[PDB]
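Reviewing the structure listed below.
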Amino acid sequence: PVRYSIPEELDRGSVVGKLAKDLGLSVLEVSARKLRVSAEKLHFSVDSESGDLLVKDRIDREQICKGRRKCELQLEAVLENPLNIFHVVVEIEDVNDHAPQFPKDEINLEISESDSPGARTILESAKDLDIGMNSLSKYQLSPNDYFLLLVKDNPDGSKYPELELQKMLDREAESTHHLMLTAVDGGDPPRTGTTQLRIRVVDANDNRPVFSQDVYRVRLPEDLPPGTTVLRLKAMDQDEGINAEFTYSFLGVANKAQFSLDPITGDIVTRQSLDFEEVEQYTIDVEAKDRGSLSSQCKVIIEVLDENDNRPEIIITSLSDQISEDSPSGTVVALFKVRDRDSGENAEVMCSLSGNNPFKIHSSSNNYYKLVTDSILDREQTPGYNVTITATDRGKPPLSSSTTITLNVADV
Amino acid sequence: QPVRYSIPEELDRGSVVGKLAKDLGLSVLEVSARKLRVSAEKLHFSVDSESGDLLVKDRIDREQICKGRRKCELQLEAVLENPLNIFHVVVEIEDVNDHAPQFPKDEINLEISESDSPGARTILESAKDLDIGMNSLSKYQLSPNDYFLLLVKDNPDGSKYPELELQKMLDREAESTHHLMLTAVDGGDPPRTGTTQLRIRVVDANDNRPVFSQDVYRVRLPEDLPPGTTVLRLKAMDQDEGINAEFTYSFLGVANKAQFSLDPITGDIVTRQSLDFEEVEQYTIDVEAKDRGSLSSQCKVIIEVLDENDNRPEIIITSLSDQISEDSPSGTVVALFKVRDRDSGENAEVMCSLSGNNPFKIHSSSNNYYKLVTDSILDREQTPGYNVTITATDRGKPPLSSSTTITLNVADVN
Ligand SMILES: *[C@H]1O[C@H](CO)[C@@H](O)[C@H](O)[C@@H]1O
Ligand SMILES: *[C@H]1O[C@H](CO)[C@@H](O)[C@H](O)[C@@H]1O
Ligand SMILES: *[C@H]1O[C@H](CO)[C@@H](O)[C@H](O)[C@@H]1O
Ligand SMILES: *[C@H]1O[C@H](CO)[C@@H](O)[C@H](O)[C@@H]1O
Ligand SMILES: *[C@H]1O[C@H](CO)[C@@H](O)[C@H](O)[C@@H]1O
Ligand SMILES: *[C@H]1O[C@H](CO)[C@@H](O)[C@H](O)[C@@H]1O
Ligand SMILES: *[C@H]1O[C@H](CO)[C@@H](O)[C@H](O)[C@@H]1O
Ligand SMILES: *[C@H]1O[C@H](CO)[C@@H](O)[C@H](O)[C@@H]1O
Ligand SMILES: [Ca+2]
Ligand SMILES: [Ca+2]
Ligand SMILES: [Ca+2]
Ligand SMILES: [Ca+2]
Ligand SMILES: [Ca+2]
Ligand SMILES: [Ca+2]
Ligand SMILES: [Ca+2]
Ligand SMILES: [Ca+2]
Ligand SMILES: [Ca+2]
Ligand SMILES: [Ca+2]
Ligand SMILES: [Ca+2]
Ligand SMILES: [Ca+2]
Ligand SMILES: [Ca+2]
Ligand SMILES: [Ca+2]
Ligand SMILES: [Ca+2]
Ligand SMILES: [Ca+2]
Ligand SMILES: [Ca+2]
Ligand SMILES: [Ca+2]
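Residue numbers (full-length UniProt numbering), protein chains in the order written: chain S, 32 to 443; chain F, 31 to 444.
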């Protein structure tokens, strides 16, 4: 069978080939023998004037052949008296008229921030109706720091592009990315189909909640009433949504014996008054944990200020009841000292006696005070003295405590 | 000038603090005659008349009376009577390493998120050492492991607290729970160690995407399969646990599920409309699995349709001659026709036959054209016209046959 070649999509009236001239049929014979050229679901014509094969229907190679490697239409021609049938084979040359194009111009992708580097995400492949050289040739994308592109082929022979990311993403730095994806076919001239990809990063739980300060310090007096909001804590989570909701908790145990913490507000209050003489300062560890297991710890130390709330006590360590009547001036009759629970200026003491007695009080080293008689005494005036001595503090407000003691002298 | 003595704590009763009477020169006569009393605040001491020395009466605990204070000086005093007098004594208590460092709790339970960034720090409860000075806490050390490293830092009060610094990020899909040893050692002779075992439980994060068993699924199906058929069941797993392990299947491609439906709970993919091999021979579909997060994984499922002999062959008469010459020789062509079958393969090959009563015979030219010629001469006087029935039968199971009846007439030139 005679074979001819013709590029597709040719204009009507184009000359495929001179098959009648190839068979040596004269114009008289072409006219006399009714010459009809037939193909399956197609029309062709031969005009009596030129007696050649001319196209009658615009032919699309991609419509009738699709993915077939080569296209050969087996047309036939009919002659009559004498009657005969002839077979001709026609090859349709492909023309790069169908540019590669993506199913959708805009492609939206949602990728998790927590995705590991080196992951792969398959994308919709491009479509090129052209076959062979004019088919799709290569995929290339806009250059970016985050992403790299790979091209792999599925079993039917088409090429699909998938994305491999070199560096893990972070929406707290850049939330959304826009990129350009291009597909190019191998032909002259080359045509390109472009689709812009919009990638939005969804929040993960990779940022821990962080306090404003690493160490919190506040100074409080021991007379502060319970229920007082001693401190307010501050913390923030750079995440968003469920991954950004956190609560405060006392990491230490038994430190909140008199303390309370509101995790909703972050507040720290006291439920029982403090005593400087018991514990001078508290060190507590408080940690914030979000809905995930991300937790962060900060240390809160508080110092208690001493207040003059403890009165001084007088203690007579020793005293002499039987005193000789001939005692001279400067004779020691009693010994005592003072004790104060407070500290600082609230601990220093100033003490005094009644003054009706001749007795005078001297101060020795430490806080020990000797009670002596400054003048000689006669028993006829008074045989025994009871003395009331007052000891007053030096802090605000001064606390004074007094003691009465009895001493008797007999002259024999 | 007050006399000073030094004594280690926790001494037995009857121990000699110092020879205060000989240091003051009182002698046994004055110690016995003049009532000598040794007094301190909240403490007891005794002087035996025979030796006239300072003896302890109460076991003294330096941590009890001093706690965190830098130095310990008990201000003793001595009292004499007739004549009565007071003397000042200062006694320093030397610390003895008798209190071992001990942590507040023996068992430490910690919950750490797998997604925690490497290099993070987590403060732990500090140990307590009642001893002051040298005998106080000195260093923290833990059992060596690849994931964790230990740091020791001091808070404002002067104590040492340990915090954990992570070198390599954890992964509970590899090892769920870790057990470690925390040790605190004080600087004394002999050194004492307080040890607490800490239990770390790694909590699941959303770092593992769900993955299918295979990347490419392929199945072959016949076109006669009824709709509603469960075409395939998909299998996939998420190495995470809990909410982060619940995922659904979805059609990544668009319009590919025109006749397909997918139940993501079971993972099933069914067909809702019958297929036609002559329309689309093979389907390529992209299916993706997505968890509660945006972690997604893609697999490609391609299916092939099997051709079934459901399309019978059609006979097409391209040309025919109504007036046939009576002088027609043997082998002259009276008709031309061809056969067309939509199917492919053996289901496309055809075998056709005619009645055979007529002299006509069919010989095959190129393609599927069978040129209808007459093998023998016929005369019109015997029979002027023939009815011819030609039957075309398929070659696939079950054979499909279609026939056409053409009329041929003979004309006499005379
Ligand atoms: C795609 O790329 C081709 C070159 O391969 C260009 O000619 C076209 O304009 C588009 O940019
Ligand atoms: C992407 O870019 C191409 C040019 O290369 C355009 O023709 C197309 O419409 C899309 O904007
Ligand atoms: C001792 O002195 C104080 C004032 O310093 C008084 O408030 C107290 O009642 C006592 O007389
Ligand atoms: C000094 O004053 C106190 C009261 O402040 C008395 O209790 C004491 O007996 C002395 O007279
Ligand atoms: C802690 O460490 C000290 C010195 O390393 C040991 O003496 C003690 O028994 C404990 O192991
Ligand atoms: C923890 O471990 C130490 C030794 O490191 C022991 O001495 C201690 O009694 C506890 O078992
Ligand atoms: C034509 O012939 C086939 C068998 O060759 C039959 O099955 C069909 O029904 C028709 O009669
Ligand atoms: C040709 O043969 C077919 C199949 O046998 C018949 O159905 C038809 O009527 C004609 O006789
Ligand atoms: Ca075209
Ligand atoms: Ca084309
Ligand atoms: Ca193309
Ligand atoms: Ca981040
Ligand atoms: Ca985040
Ligand atoms: Ca968080
Ligand atoms: Ca107080
Ligand atoms: Ca106080
Ligand atoms: Ca006071
Ligand atoms: Ca001790
Ligand atoms: Ca000790
Ligand atoms: Ca110790
Ligand atoms: Ca993991
Ligand atoms: Ca995980
Ligand atoms: Ca997951
Ligand atoms: Ca069918
Ligand atoms: Ca079929
Ligand atoms: Ca068939």
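For each residue, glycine too, the CB sits at the ideal point set by N, CA and C.
### Cβ-Cβ distance between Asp-337 (chain F) and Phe-367 (chain F) below 7 Å
As a first step, residue 337 (chain F) is located in the second sequence; it is residue number 307 there, counting from the start. As a first step, residue 367 (chain F) is located in the second sequence; it is residue number 337 there, counting from the start. Not a contact, by the Cβ cut-off of 7 Å.
### Task
Name, please, each residue of chain F whose Cβ falls closer than 8 Å to the Cβ of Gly-224 (chain S).
Here residue 224 (chain S) corresponds to residue number 193 of the first sequence, with the count starting at 1. Those do not exist, as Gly-224 (chain S) stays about 17 Å from chain F at its closest Cβ, beyond 8 Å.
### Query
What residue does the alpha helix (DSSP H) around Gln-94 (chain F) start on, and which one ends it?
Numbered from 1 along the second sequence, position 64 holds the residue referred to as residue 94 (chain F). Looking at the DSSP string, the run of the alpha helix (DSSP H) that includes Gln-94 (chain F) is 92-95.
### Query
Residues of chain F with a CB under 9 Å from the CB of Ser-147 (chain S): which are they?
Counting from one through the first sequence, the residue named residue 147 (chain S) turns up at place 116. Simply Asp-237, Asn-238, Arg-239.
### Query
Hey, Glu-103 (chain F) and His-118 (chain F): beta-carbon distance below 7 Å or not?
As a first step, residue 103 (chain F) must be located in the second sequence, where it is residue number 73. As a first step, residue 118 (chain F) must be located in the second sequence, where it is residue number 88. No, these two residues do not count as a Cβ contact at 7 Å.
### Task
Using a Cβ-Cβ cut-off of 7 Å, state whether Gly-361 (chain F) counts as contacting chain S.
Your numbering for residue 361 (chain F) matches position 331 in the second sequence. By this cut-off, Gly-361 (chain F) is not an interface position.
#### Entry: Cβ separation of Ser-360 (chain S) and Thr-413 (chain S), assumed to be a contact under 8 Å, to the nearest whole Å
Position 329 of the first sequence, counted from the first residue, corresponds to residue 360 (chain S). Position 382 of the first sequence, counted from the first residue, corresponds to residue 413 (chain S). That belief does not hold up - the Cβ atoms of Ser-360 (chain S) and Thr-413 (chain S) are roughly 17 Å apart, past 8 Å.
### Whole-number beta carbon distance between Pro-428 (chain F) and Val-380 (chain F), since they are thought to touch under 8 Å
Against the second sequence, residue 380 (chain F) aligns to sequence position 350. Against the second sequence, residue 428 (chain F) aligns to sequence position 398. Contact flag wrong, Cβ pair sits at about 14 Å.
### Task
Leaving aside the five residues before and after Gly-297 (chain F) along the sequence, list all residues of the same chain whose C-beta is less than 8 Å from its C-beta, in chain order.
Here residue 297 (chain F) refers to the residue found at position 267 when the second sequence is read from its first residue. If we look at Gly-297 (chain F) and ignore the five residues flanking it on each side, its Cβ neighbours are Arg-263, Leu-264, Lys-265, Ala-266, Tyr-279.
### Query
For ligand 24, is there a heavy atom less than 6 Å away from the beta-carbon of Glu-253 (chain F)?
By one-based count along the second sequence, residue 253 (chain F) stands at place 223. If you check the C-beta of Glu-253 (chain F) against ligand 24, you find a heavy atom less than 6 Å away.
### Task
Would you list, in sequence order, the uninterrupted beta strand (DSSP E) runs of no fewer than 3 residues that lie entirely inside the stretch 394-419 of chain F?
For the beta strand (DSSP E) assignment, the uninterrupted runs of no fewer than 3 residues enclosed by the stretch 394-419 of chain F are, from N- to C-terminal side, 400-404.
### Message
ligand 8 and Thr-421 (chain F): does the residue's C-beta get closer than 6 Å to at least one heavy atom of that ligand?
### Response
Here the question's residue 421 (chain F) lines up with position 391 in the second sequence. Yes, Cβ of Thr-421 (chain F) sits closer than 6 Å to a heavy atom of ligand 8.
### Query
From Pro-148 (chain S) to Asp-237 (chain F), what does the alpha carbon distance come to, in whole angstroms?
Taking the first sequence and counting its residues from 1, one reaches residue 148 (chain S) at position 117. Taking the second sequence and counting its residues from 1, one reaches residue 237 (chain F) at position 207. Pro-148 (chain S) and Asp-237 (chain F) have their C-alpha atoms spaced approximately 11 Å apart.
### Query
So, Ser-374 (chain S) versus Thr-419 (chain S), is the Cβ gap smaller than 7 Å?
The sequence position of residue 374 (chain S) within the first sequence is 343, counting from 1. The sequence position of residue 419 (chain S) within the first sequence is 388, counting from 1. Not closer than 7 Å, so no.
### Query
In terms of residues, what are the limits of the beta strand (DSSP E) holding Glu-344 (chain F)?
Within the second sequence, residue 344 (chain F) is the residue found at index 314, counting from 1. For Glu-344 (chain F), the enclosing beta strand (DSSP E) starts and ends at 344-350.
#### Entry: Environment of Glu-40 (chain F) [buried if 16+ CB atoms lie within 10 Å]
Here residue 40 (chain F) refers to the residue found at position 10 when the second sequence is read from its first residue. With fewer than 16 other Cβ atoms within 10 Å, it is exposed.
### Message
Please determine whether the Cβ atom of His-129 (chain S) lies at a distance below 6 Å from any heavy atom of ligand 11.
### Response
Position 98 of the first sequence, counting from 1, holds the residue named residue 129 (chain S). Checking the Cβ of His-129 (chain S) against ligand 11 gives yes.
### Message
Within a Cβ cutoff of 6 Å, which residues of the same chain sit near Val-233 (chain F), ignoring the five residues on either side of it in sequence?
### Response
Along the second sequence, read from residue 1 onward, the residue named residue 233 (chain F) stands at position 203. Contacts found: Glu-141, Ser-143.
### Query
Sorry if obvious, but does the Cβ on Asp-216 (chain F) come closer than 6 Å to a heavy atom of ligand 19?
If you number the second sequence from 1, residue 216 (chain F) lands on position 186. It does not: the Cβ of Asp-216 (chain F) is nowhere closer than 6 Å to a heavy atom of ligand 19.
#### Entry: Chain-ordered list of residues that sit, by beta carbon, closer than 6 Å to a heavy atom of ligand 2
Result: S:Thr-223, S:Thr-225.
#### Entry: Contacts around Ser-166 (chain S), its chain only, beta-carbon distance under 7 Å, and the 5 residues preceding and following it disregarded
If you number the first sequence from 1, residue 166 (chain S) lands on position 135. Non-local C-beta neighbours of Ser-166 (chain S) in its own chain, meaning closer than 7 Å and more than five positions away in sequence, comprise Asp-159, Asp-216, ordered along the chain.
### Query
Near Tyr-313 (chain F), which residues of its chain fall below 6 Å by C-beta distance, leaving aside the five closest residues on each side in sequence?
On the second sequence, position 283 is the one that residue 313 (chain F) refers to. Around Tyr-313 (chain F): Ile-333.
### Task
Just confirm the distance between the C-beta atoms of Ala-130 (chain S) and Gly-224 (chain S), as a whole number of angstroms; I'd bet it's less than 8 Å.
For the purposes of this step, residue 130 (chain S) is taken as the residue at position 99 of the first sequence. For the purposes of this step, residue 224 (chain S) is taken as the residue at position 193 of the first sequence. Contact flag correct, Cβ pair sits at about 6 Å.
### Query
For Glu-195 (chain S), which residues of its own chain have a beta-carbon under 6 Å away from its beta-carbon, when the five flanking residues on both sides are left out?
Walking along the first sequence from the start, residue 195 (chain S) turns up at place 164. So the list reads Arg-151, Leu-179, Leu-181, once near-sequence residues are dropped.
### Task
Compute the distance between the beta-carbons of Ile-354 (chain S) and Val-440 (chain S), then report whether it is under 7 Å.
Along the first sequence, one-based indexing puts residue 354 (chain S) at 323. Along the first sequence, one-based indexing puts residue 440 (chain S) at 409. Yes, Cβ-Cβ distance for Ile-354 (chain S) and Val-440 (chain S) is below 7 Å.
### Task
Could you tell me which of F:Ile-347, F:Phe-242, F:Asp-293 sits nearest to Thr-259 (chain F), measuring between CA atoms?
One-based indexing of the second sequence puts residue 259 (chain F) at position 229. The option with the nearest alpha carbon to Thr-259 (chain F) is F:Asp-293.
### Residues that DSSP places opposite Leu-106 (chain S) in a beta bridge
For the purposes of this step, residue 106 (chain S) is identified with residue 75 of the first sequence, where counting begins at 1. DSSP lists S:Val-119 as partners of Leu-106 (chain S).
### Task
Using 6 Å as the cut-off, classify the Cβ of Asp-83 (chain F) as near or not near the heavy atoms of ligand 17, replying yes or no.
Mapped onto the second sequence, residue 83 (chain F) falls at position 53. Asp-83 (chain F) Cβ: outside cutoff for every heavy atom of ligand 17.
### Query
So what's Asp-53 (chain S) in DSSP terms, helix, strand or just coil?
Reading the first sequence from its first residue, position 22 is the one you call residue 53 (chain S). DSSP places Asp-53 (chain S) in helix when its eight states are reduced to three.
#### Entry: Residues of its chain near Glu-203 (chain S), where Cβ-Cβ distance is below 6 Å and the 5 sequence neighbours each way are ignored
On the first sequence, position 172 is the one that residue 203 (chain S) refers to. So the list reads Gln-269, once near-sequence residues are dropped.
### Task
Determine whether the Cβ of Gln-94 (chain S) lies closer than 7 Å to any Cβ atom of chain F.
Locating residue 94 (chain S) in the first sequence gives position 63, counting from the first residue. No - not a single Cβ of chain F is within 7 Å of the one on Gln-94 (chain S).
### Task
From the DSSP output, in three-state form, read off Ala-63 (chain F) for me.
The sequence position of residue 63 (chain F) within the second sequence is 33, counting from 1. Residue state for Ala-63 (chain F) is assigned as helix, using DSSP reduced to three classes.
### Minimum C-alpha distance to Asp-340 (chain F) - residue among F:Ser-431, F:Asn-397, F:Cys-382
Here residue 340 (chain F) is taken as the residue at index 310 of the second sequence, counted from 1. When only C-alpha atoms are compared, the closest one is F:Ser-431.
### Contact test: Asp-306 (chain F) Cβ vs ligand 26 heavy atom, cutoff 6 Å
The sequence position of residue 306 (chain F) within the second sequence is 276, counting from 1. No.
### Task
Would you identify the three-state DSSP class for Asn-139 (chain F), choosing helix, strand or coil?
As a working mapping, residue 139 (chain F) is identified with position 109 in the second sequence. If DSSP states are grouped into helix, strand and coil, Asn-139 (chain F) belongs with the strands.
### Query
Would the beta-carbon of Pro-221 (chain F) be found less than 6 Å away from any heavy atom of ligand 5?
Walking along the second sequence from the start, residue 221 (chain F) turns up at place 191. Under cutoff, so the answer is yes.
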